[PDB]
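Residue numbers (UniProt numbering), protein chains in the order written: chain A, 13 to 315; chain B, 13 to 637; chain C, 13 to 637; chain D, 27 to 328.
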Amino acid sequence: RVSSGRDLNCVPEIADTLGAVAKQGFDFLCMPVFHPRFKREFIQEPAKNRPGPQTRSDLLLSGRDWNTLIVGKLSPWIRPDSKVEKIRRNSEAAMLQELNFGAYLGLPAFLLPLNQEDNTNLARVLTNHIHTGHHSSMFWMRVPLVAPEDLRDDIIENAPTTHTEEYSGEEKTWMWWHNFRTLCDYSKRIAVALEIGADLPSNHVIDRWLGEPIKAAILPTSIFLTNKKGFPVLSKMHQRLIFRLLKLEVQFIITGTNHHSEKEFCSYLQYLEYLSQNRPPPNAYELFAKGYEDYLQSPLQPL
Amino acid sequence: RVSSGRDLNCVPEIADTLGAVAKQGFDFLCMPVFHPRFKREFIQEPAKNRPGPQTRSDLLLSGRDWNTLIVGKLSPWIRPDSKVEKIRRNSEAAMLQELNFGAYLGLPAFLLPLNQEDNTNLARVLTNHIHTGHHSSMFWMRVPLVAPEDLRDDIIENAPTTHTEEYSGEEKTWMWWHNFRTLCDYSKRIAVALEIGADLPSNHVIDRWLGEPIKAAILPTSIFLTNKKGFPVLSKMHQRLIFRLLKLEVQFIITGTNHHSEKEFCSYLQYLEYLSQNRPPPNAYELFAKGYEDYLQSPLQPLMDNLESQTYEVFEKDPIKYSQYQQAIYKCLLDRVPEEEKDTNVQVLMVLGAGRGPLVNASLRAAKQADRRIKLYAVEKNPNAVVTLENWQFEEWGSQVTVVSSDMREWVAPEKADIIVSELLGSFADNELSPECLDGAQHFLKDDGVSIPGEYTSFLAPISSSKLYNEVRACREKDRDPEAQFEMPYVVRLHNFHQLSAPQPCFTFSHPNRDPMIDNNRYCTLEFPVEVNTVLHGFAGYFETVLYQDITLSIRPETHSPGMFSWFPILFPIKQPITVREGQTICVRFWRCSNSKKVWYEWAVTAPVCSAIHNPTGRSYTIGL
Amino acid sequence: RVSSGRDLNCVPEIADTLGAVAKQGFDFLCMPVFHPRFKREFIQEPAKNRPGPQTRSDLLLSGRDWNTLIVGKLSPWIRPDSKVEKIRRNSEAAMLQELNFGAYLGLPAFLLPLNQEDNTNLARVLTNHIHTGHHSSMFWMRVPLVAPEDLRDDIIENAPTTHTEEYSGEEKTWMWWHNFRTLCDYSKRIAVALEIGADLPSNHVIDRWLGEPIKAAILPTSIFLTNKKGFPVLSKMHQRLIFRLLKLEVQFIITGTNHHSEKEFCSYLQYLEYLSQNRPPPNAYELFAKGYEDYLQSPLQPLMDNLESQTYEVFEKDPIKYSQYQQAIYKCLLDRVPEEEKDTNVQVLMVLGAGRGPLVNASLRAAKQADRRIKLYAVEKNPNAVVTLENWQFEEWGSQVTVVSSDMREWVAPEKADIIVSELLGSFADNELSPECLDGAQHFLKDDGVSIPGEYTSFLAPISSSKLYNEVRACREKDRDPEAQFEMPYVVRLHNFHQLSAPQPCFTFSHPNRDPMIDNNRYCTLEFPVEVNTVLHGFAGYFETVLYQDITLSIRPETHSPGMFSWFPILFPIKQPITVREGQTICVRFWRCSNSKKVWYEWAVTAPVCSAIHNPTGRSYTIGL
Amino acid sequence: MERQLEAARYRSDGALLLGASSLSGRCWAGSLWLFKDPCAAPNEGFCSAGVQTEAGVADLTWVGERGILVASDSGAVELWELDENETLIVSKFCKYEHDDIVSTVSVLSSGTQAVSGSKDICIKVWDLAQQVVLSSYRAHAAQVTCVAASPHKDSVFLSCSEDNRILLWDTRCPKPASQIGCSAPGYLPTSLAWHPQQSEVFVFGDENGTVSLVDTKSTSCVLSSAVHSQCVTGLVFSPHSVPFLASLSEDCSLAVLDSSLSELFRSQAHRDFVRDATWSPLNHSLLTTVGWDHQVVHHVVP
Ligand SMILES: CCc1cc(NC(=O)C(=O)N2C[C@@H](C)CC[C@@H]2c2ccc3sc(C4CCN(C)CC4)nc3c2)cnc1N
Ligand SMILES: CCc1cc(NC(=O)C(=O)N2C[C@@H](C)CC[C@@H]2c2ccc3sc(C4CCN(C)CC4)nc3c2)cnc1N
Ligand SMILES: CSC[C@H]1O[C@@H](n2cnc3c(N)ncnc32)[C@H](O)[C@@H]1O
Ligand SMILES: CSC[C@H]1O[C@@H](n2cnc3c(N)ncnc32)[C@H](O)[C@@H]1O
Ligand SMILES: [Cl-]
Ligand SMILES: [Cl-]
Ligand SMILES: [Cl-]
Ligand SMILES: [Cl-]
Ligand SMILES: [Cl-]
Ligand SMILES: [Cl-]
Ligand SMILES: [Cl-]
């Protein structure tokens with residue numbers, strides 16, 4: 013079936029939230045380790061001396077739960093590439109703090125966002141963190157399949173969305189990743205959490221991500237169409253994309269609030285499972301060679 | 013003068029020919045090892061069984077003559093890249109035969125030609141020959157400055173030479189080389205023998221070869237114009253090119269027959285020598301730094317390491333910079349002490365990093381030139397130089413100078429200083445941690461105190477030099493990262509390179525630093541406009557410092573202090589060279605990072621293509637505090 | 013002649029002293045860099061704050077003088093291994109200070125003394141100094157040939173000098189060095205300055221220092237006997253020792269005051285020079301191979317690789333060996349063809365591995381000397397040498413010699429040979445695969461045919477040479493096993509080493525080999541009796557060969573062919589040196605293994621202690637078929 | 027004589043002219059020989075005239091009855107005059123105007139001018155009487171493999187080089203060279219031969235062993251035949267009204283072809299490269315070939 017997790021930016025009680033997402037059937041939870049709106053100052057007083065605690069305690073979960081069930085999230089206010097020097101210097105220390113706390117918890121993965129072209133200082137800070145104390149830490153780079161600028165509604169009078177063909181531009185969101193991925197010298201501990209939007213781009217923009225380390229695919233509740241009965245479903249193109257992603261054996265991450273409020277949160281995950289089961293069963297070739305997927309072996313020399 | 017050789021494709025008697033070219037004044041001879049028209053078959057009979065000998069014997073010359081005087085030539089009939097499969101297979105074996113015989117003779121170099129776009133199989137055979145028995149063999153790739161197709165006369169009726177502009181096409185002959193050079197994985201034993209034709213191309217086509225390993229420049233007799241008396245000369249553009257090549261110290265190779273038949277073969281070589289002698293003689297800077305051309309040295313760390321004696325010695329032999337320091341101290345003394353207080357107001361003047369005492373003597377001379385009183389402190393943490401300082405103080409200075417043998421960041425001063433004079437700058441200004449040292453020493457500076465230097469600034473500029481790239485690549489050492497040599501800077505007197513954009517400022521520091529939130533970490537982004545196609549290999553680094561008011565020092569080529577030879581430029585290389593086209597902008601990023609113990613630089617190119625972040629966490633290069 | 017220096021512990025004026033020792037004829041001066049009695053305190057006040065200067069200034073000499081003429085000396089009051097903790101720490105600080113000042117001056121060498129058993133902390137401080145800012149600094153360890161305790165006069169009533177036998181104790185002063193040398197992990201920058209006393213010990217105590225890096229030999233004036241006229245001379249044993257040291261090319265250092273006060277200081281140095289001039293002049297072998305002393309070279313593989321021209325050239329410049337081959341061919345011709353058939357019986361004589369044709373000319377000369385008829389075949393697979401062979405055959409030999417350019421194992425001969433002549437031997441005889449080549453070429457040998465050489469045999473001998481061990485250790489290369497250099501042999505003119513047991517035969521091959529079950533794999537066990545305490549570092553290898561009857565060649569030192577310089581000895585090293593005591597037996601094992609493509613040697617020591625099996629499966633060294 | 031025979035040219039009265047070089051050994055020189063007895067060649071003893079040149083000879087051609095034109099390895103073009111007694115051979119001139127090896131020479135129809143091609147990519151026109159170079163062209167982009175003067179026009183000649191260009195020339199035109207595309211970019215041309223009767227037609231061999239017949243009017247490959255297994259080094263027509271075409275090659279064979287490029291005679295007599303072949307003016311069925319095996323073979327053609 014499907015391995016999956018729930019993406020939340022609001023966690024009032026970590027134990028209650030984890031129990032809820034477990035009863036909903038999810039395998040893991042992406043949550044912030046510090047409160048998302050709790051901006052911190054590291055240079056200028058008096059906010060520099062804000063009394064602790066700075067976040068919730070590590071005693072609230074067992075070590076196994078931290079190791080297997082919790083995926084950390086970088087706070088959205090952290091801007092390492094800000095054009096403002098003060099904000100840049102402060103966000104450097106904030107990002108280091110959050111990454112170090114995530115490694116202290118022993119989290120299996122940590123989500124960091126890519127939503128502009130210049131993520132150079134972000135890459136620098138992350139690369140330095142990777143080479144400062146070797147851990148088993150994995151990092152998921154949240155990259156949208158379509159940039160937010162190229163997805164906005166054409167509702168700005170004096171700034172119209174151009175309706176002309178741009179082949180290379182439509183793929184810019186991969187370039188970001190690529191540049192970031194090149195700046196970190198192809199670190200094995202850096203992967204992609206591809207976020208999928210309402211409008212799907214041309215097939216070449218999607219094919220671009222073929223051969224890339226996609227560990228996670230992020231689906232919002234907004235992209236789910238409503239069924240006649242009231243259940244959530246997806247378009248035929250979204251379903252083709254879901255099958256293509258299932259072949260790569262990626263983990264699906266549900267984000268956003270429940271808009272199909274008549275049902276539970278189980279409905280989105282149930283649609284994903286129903287898609288996974290209704291796929292042609294494994295033939296003998298794929299059944300035997302499923303474990304050999306991308307396994308490098310030296311050539312035999314029978315002579 | 014000129015080191016040179018004669019290129020001949022006709023050698024009837026090897027001894028007579030060698031004696032003739034020696035009497036003509038040439039230093040070496042490029043000749044074929046097999047007869048150029050003696051094509052050989054290796055597969056199909058009966059020509060496969062042609063009875064030997066296949067060429068002249070190796071006994072005809074001494075081993076020294078083979079080692080020093082004879083440059084081999086690949087036979088012109090050998091075509092490893094022929095579209096005909098038979099000719100290709102045969103030329104493979106022929107090229108292997110000739111290269112193996114050249115190595116058997118122990119020849120210092122072997123000429124191979126590049127005169128088409130596809131030399132892939134040629135590169136394959138040569139690369140396999142290089143890795144089959146390691147020798148000291150060198151290979152000169154004969155590449156014409158202008159392709160023969162783009163040099164032909166417009167005398168074909170139904171095939172006219174297009175008279176339109178083609179920027180990239182005019183440089184195709186370099187692309188050939190480049191591709192070949194890339195196919196052989198940048199072998200140090202493969203260089204360029206640039207052949208120069210009658211018509212010289214645009215200046216960018218020529219500048220393309222800046223930073224390339226040009227060992228030889230081939231001049232035919234056809235390009236020589238005839239003098240009124242009848243001697244051979246060259247055009248003014250050809251002469252500019254000859255001077256540019258002489259700067260690179262390449263060997264000139266005369267090819268073709270004697271067309272100025274009234275004279276001897278000595279006339280062409282004599283024109284070259286006459287050009288070489290009539291060049292402005294070496295100035296003191298170039299005279300001293302001629303041997304340091306493209307010599308890679310690790311940056312000194314005067315803070316972490318205690319410098320040797322001769323290092324301080326080469327520092328002290330630099331009168332221009334010490335005169336500048338003396339003038340700056342003089343002006344500061346005049347500006348701080350009015351004339352009616354020359355005998356009442358004594359100034360506290362601390363030399364932080366005194367060395368063996370050139371700055372102390374400069375301060376004394378400036379004091380007596382300005383007619384003011386100063387009390388001198390000579391602070392130095394190197395005890396071996398403190399020995400010299402204390403010997404000086406006993407034998408000459410007296411009680412006026414107080415020698416302090418400690419670190420300026422730790423020293424608890426008895427009184428505060430009116431002026432502090434330091435010499436802690438490097439090639440990249442702050443690469444020797446002058447900011448941290450002067451920050452730690454700032455508490456004993458008076459509230460209205462002056463620091464000499466008052467300011468400094470670093471400069472970066474993208475460069476192209478496959479020569480220096482391969483030199484850095486050859487610095488791989490055992491027991492470390494195979495690519496660590498790329499993630500560290502080198503102090504080097506740059507030569508045979510190509511600046512791609514005007515230098516731009518990188519990091520700037522001011523002393524004293526009144527700022528409450530003191531931080532020496534830096535992050536700079538630089539966009540360099542590039543007007544020409546080239547290949548980025550690294551970034552040259554310079555500095556400019558303001559000692560006091562209009563008294564400044566600089567190694568930046570535009571504002572370089574004349575006759576100052578204390579600093580050479582620095583070089584931050586990159587792992588993989590980056591292709592850059594005309595009009596593109598090279599965007600590079602630079603970080604100055606630090607912790608409690610180390611300071612280091614990180615850098616990465618972001619445009620036109622991204623590279624890896626170099627030296628992350630200072631894993632390959634750090635500067636100790 | 014002699015390179016030498018003067019050892020002084022009293023230098024009032026450094027310039028005057030240097031001028032004096034220069035006018036006396038000395039090449040360098042060993043002097044203290046700090047005053048010998050000027051003890052310094054580094055911990056406890058008030059002496060901690062002693063006002064400088066702490067020594068004389070570095071300005072008193074030019075950089076070249078410091079680099080070439082001044083050898084530093086550790087102050088005698090520095091005791092890093094004192095039983096007192098305070099003195100230990102203070103001497104650590106002082107030793108670091110003096111070593112750092114010596115490196116600051118750029119001195120070529122620095123003397124440190126060994127005069128007790130425990131020098132552990134001294135070794136620790138020196139090792140840390142070496143790995144802190146590494147320079148080209150060299151260190152001479154002053155070790156006496158006889159300890160001062162074992163040289164004192166028997167003039168203490170209640171402490172008599174025992175007059176009994178102690179073999180190991182008499183060598184204790186070497187043990188010191190060894191332990192020190194082992195504590196510093198065999199640093200190339202740590203050598204021996206052997207001090208020679210009045211009484212010379214037994215010959216084994218002196219032989220102990222064979223194979224040790226002796227850069228200096230220290231002679232005091234006290235050991236010099238007075239001549240009839242009043243000049244200084246030495247005993248016959250001292251002179252034997254001086255000649256033995258002169259062969260090692262060490263520098264001689266005169267120490268002590270002038271006791272022959274009638275003369276000058278020139279007299280001691282002049283006696284040394286007079287000894288150096290009155291040595292037997294250099295023999296041709298030693299004259300040629302003087303530069304090859306202890307030079308490590310990889311073994312040639314004439315079968316897999318095609319040899320260069322100058323290699324064949326150095327092979328041909330050897331008249332003794334070619335005279336031997338000519339005499340052997342002559343005797344075989346006489347023994348095969350009776351006198352009454354000299355004009356009717358023509359002999360087939362094939363030179364397998366002809367090179368450039370010295371054996372062909374030798375065969376021709378032997379034929380005309382024996383007055384017999386021969387038809388010659390010159391078989392050679394190196395086509396570059398086939399060029400020379402065919403030029404010779406066209407210009408001189410004619411149709412009498414037929415040149416065959418192929419491998420002898422593949423060649424299908426037109427007729428069978430009466431005699432086959434080859435020189436396919438290496439330093440280890442069969443290390444160049446002469447057995448396999450001559451076996452493949454055996455089918456075209458006549459039933460009653462003769463092979464020259466008819467037999468050969470290899471010889472092994474355990475050796476002690478920390479010098480050669482460290483040279484092999486320094487051959488570590490990137491991108492391979494860090495210990496592969498130990499699992500491969502080296503052709504080297506052995507020097508500054510010590511044979512530990514008489515050479516014994518290893519492998520033997522006979523040609524022709526009519527055996528049906530032909531196998532060239534070998535397994536040999538050798539027990540070498542050792543009469544002295546030493547440290548095994550490897551095994552020297554030689555060979556003998558019977559060309560025909562009593563005509564033989566040999567590089568084995570006992571039966572070495574006089575004046576033959578075609579082969580140097582070979583060396584099979586071992587990873588870890590093995591301590592061997594007197595009377596113990598070194599048992600070593602050797603394998604000659606092979607497959608279809610490669611042949612290689614495996615070896616391992618089994619006594620007195622086992623080592624690892626070296627080069628298993630030829631993983632580090634193979635000989636290509 | 028040197029081992030490698032390069033040129034064999036019959037004079038109108040029947041005398042044979044040989045040009046040879048030494049392409050191996052200590053000396054890399056050349057030699058010229060005249061044999062009034064044709065079957066006595068290549069023996070130097072039964073010789074009519076001989077001369078030793080300083081350097082080797084690459085191509086050779088007659089200049090009337092007493093002039094011998096030589097393309098030398100030294101980059102020189104050399105005219106040797108024949109003695110009054112026709113026993114000596116003397117150098118009339120030797121001009122070094124080419125930079126590299128002169129690989130081919132051909133005398134124009136008037137017999138007063140000549141054309142030469144060299145490995146210096148250049149082609150030069152020579153006035154033999156004045157001993158100067160009238161015109162010097164750089165039309166190709168690789169070494170010139172062959173030049174062949176038109177038998178009927180003194181301003182027209184063919185050239186072919188390793189730049190894959192076949193050029194028809196007309197020195198009267200401002201741009202004299204004109205590229206003949208034949209069919210389409212094929213293999214490199216190596217030999218050229220004008221048709222003796224028709225001035226609009228010629229033949230060329232390539233490096234792949236193919237001989238082709240081209241008509242300048244149709245500027246298209248009229249016919250092509252795979253005659254040899256290796257490169258074609260020479261093409262010589264027979265003097266008869268119905269012309270036979272002898273083709274040489276590096277496969278050490280000689281072929282005789284008709285009008286339709288069909289194979290008639292074929293001789294494996296040479297065991298090395300076949301360099302030159304000329305027909306006897308005394309018997310128009312006899313054909314003399316030379317090669318690098320120092321062999322001079324007389325063939326009888328049906
Ligand atoms: C004026 C004040 C000043 C100057 C500089 N200037 C420089 O460093 C500099 O450009 N050059 C280049 C040329 C002029 C020569 C001098 C110096 C240089 C650089 C690199 C190395 S490596 C090296 C070896 C020494 C022997 N040991 C055993 C191994 C390392 N020696 C040098 C020497 C720097 N800092 C300050 N404060
Ligand atoms: C008489 C027949 C004969 C003799 C030998 N003798 C030897 O090998 C031998 O002892 N020496 C030592 C001294 C006499 C000098 C010659 C030779 C020797 C050994 C090792 C190397 S490595 C080397 C480099 C050359 C340049 N190239 C680019 C790299 C390798 N060159 C040599 C040369 C062996 N085999 C046979 N058949
Ligand atoms: C003239 S090169 C710079 C000089 O300043 C000295 N120096 C560098 N840093 C310090 C420091 N922190 N305190 C004292 N001297 C210093 C170095 O030892 C060298 O002599
Ligand atoms: C005189 S050094 C040994 C010589 O013998 C030649 N040689 C070695 N093995 C063979 C072989 N199998 N066949 C022919 N020549 C050989 C080498 O090429 C070299 O010239
Ligand atoms: Cl892709
Ligand atoms: Cl995809
Ligand atoms: Cl460039
Ligand atoms: Cl240039
Ligand atoms: Cl500035
Ligand atoms: Cl001690
Ligand atoms: Cl191996």
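We put the CB at the ideal spot given by N, CA and C, even for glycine.
Helix or strand or just coil, what does DSSP make of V600(B)?
In the second sequence, residue 600(B) corresponds to position 588, counting from 1. Strand at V600(B).
Does any residue of chain C bring its CB to less than 8 Å from the CB of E320(B)?
For the purposes of this step, residue 320(B) is identified with residue 308 of the second sequence, where counting begins at 1. Yes, its Cβ sits closer than 8 Å to a Cβ of chain C.
For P232(A), which residues does DSSP report across the bridge?
For this step, residue 232(A) is matched to residue 220 along the first sequence. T267(A), per the DSSP bridge assignment.
In whole angstroms, what is the alpha-carbon distance linking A59(B) and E53(B)?
Along the second sequence, read from residue 1 onward, the residue named residue 59(B) stands at position 47. Along the second sequence, read from residue 1 onward, the residue named residue 53(B) stands at position 41. In a straight line, the C-alpha of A59(B) is about 6 Å away from that of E53(B).
Once DSSP output is grouped into helix, strand and coil, what is the label at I167(C)?
Counting from one through the third sequence, the residue named residue 167(C) turns up at place 155. In this structure, DSSP gives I167(C) a state outside helix and strand, which the three-state scheme calls coil.
Could you check the C-alpha separation between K490(B) and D493(C) for me, to the nearest Å?
In the second sequence, residue 490(B) corresponds to position 478, counting from 1. In the third sequence, residue 493(C) corresponds to position 481, counting from 1. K490(B) and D493(C) have their C-alpha atoms roughly 12 Å apart.
Is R604(C) near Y613(C), with beta carbons less than 8 Å apart?
If you number the third sequence from 1, residue 604(C) lands on position 592. If you number the third sequence from 1, residue 613(C) lands on position 601. The Cβ atoms of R604(C) and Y613(C) sit closer than 8 Å to each other.
Applying a beta-carbon distance threshold of less than 9 Å, which residues of chain D neighbour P160(B)?
Locating residue 160(B) in the second sequence gives position 148, where the first residue counts as 1. Residues of chain D with a Cβ closer than 9 Å to the Cβ of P160(B) are, in chain order, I147, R164, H166, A167, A168, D189.
Report back the beta-carbon spacing between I254(A) and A228(A) to the nearest angstrom; my notes put them in contact at under 8 Å.
On the first sequence, position 242 is the one that residue 254(A) refers to. On the first sequence, position 216 is the one that residue 228(A) refers to. Going by Cβ atoms, the distance from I254(A) to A228(A) rounds to 13 Å, so no, they are not a contact pair.
Would you mind reading off the limits of the alpha helix (DSSP H) that contains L138(C)?
Sequence index remark: in the third sequence, residue 138(C) carries index 126 (1-based). First-last of the alpha helix (DSSP H) with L138(C): 132-142.
If we cut at 8 Å on Cβ distances, does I266(B) have a partner in chain D?
In the second sequence, the residue the question calls residue 266(B) occupies position 254. No, no contact with chain D.
Going by alpha carbons, who is nearest to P517(C) out of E570(C), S476(C), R526(C)?
Along the third sequence, read from residue 1 onward, the residue named residue 517(C) stands at position 505. Of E570(C), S476(C), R526(C), the residue nearest in Cα terms is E570(C).
Using 7 Å as the cut-off, classify the Cβ of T629(C) as near or not near the heavy atoms of ligand 11, replying yes or no.
Against the third sequence, residue 629(C) aligns to sequence position 617. Shortest gap from the CB of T629(C) to any heavy atom of ligand 11: 7 Å or more.
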